[PDB]
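Shown below, as structure tokens, is a lone chain in the form deposited in one PDB entry; questions about how it binds or moves come after it.
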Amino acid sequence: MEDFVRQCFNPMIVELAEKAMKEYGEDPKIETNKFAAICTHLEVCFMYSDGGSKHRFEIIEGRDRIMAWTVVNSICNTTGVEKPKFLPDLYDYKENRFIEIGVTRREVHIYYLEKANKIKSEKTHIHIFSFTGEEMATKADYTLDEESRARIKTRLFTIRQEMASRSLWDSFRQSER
């Protein structure tokens, strides 16, 4: 699985994921499923940010915490939007709202609900993807066009297929709590 992550995700994603894990005192070489999940989430966030017009999205995920909150507080002051309690993943300049992105190995509806409980904010939009082509977004509002969304769902299915081929998928699918 460590070989898999290092060959399927670009080095910038891998580096961010290793750092996030070490910040919690986890070793990427041991908790390899968490490692893979962090990388996949990061890639989806970056893919989503590329899905719109140039300048449609500001990326918040993948930033150190000081810069992430600088970006968030800046947007709240520039736009007057409510300040979230937790860092979201992106801000949408077209829709004027923060987005929380979820990627789940279980079922989208359960993950949407968990996310909606934790976020517990009216303001933040939630968009969940599975590795088997399912998605679920706030007010059935999917933000991006179908072509962009299909390219994300396809990348996730491809990662699922690659893990499967290495007999990694079963352990990975079962590691999400």
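From 1 onward, residues are counted along the sequence shown. What we label the rigid core is the largest C-alpha set whose atoms superpose within 1.5 Å from one form to the other.
When the mean C-alpha temperature factors of 161-169 and 14-22 are read from the deposited coordinates, 161-169 comes out higher. As recorded in the PDB entry, 26-34 is the stretch of 60-68 and 26-34 with the greater mean C-alpha temperature factor.
Remark: residue 40 belongs to the lowest third of its chain, ranked by C-alpha B-factor as recorded.
Among the modelled residues of its chain, residue 111 has a C-alpha B-factor that falls in the middle third, as given in the PDB entry. Remark: residue 92 belongs to the middle third of its chain, ranked by C-alpha B-factor as recorded. Among the modelled residues of its chain, residue 81 has a C-alpha B-factor that falls in the highest third according to the deposited record.
Ranked against the other modelled residues of its chain, the C-alpha B-factor of residue 131 as given in the entry falls in the middle third.
Only in words, not in the display: the form deposited in another entry, which the text now covers.
Once the rigid core is overlaid between the shown form and the other one, residue 26 counts among the residues whose Cα shifts by 2 Å or more.
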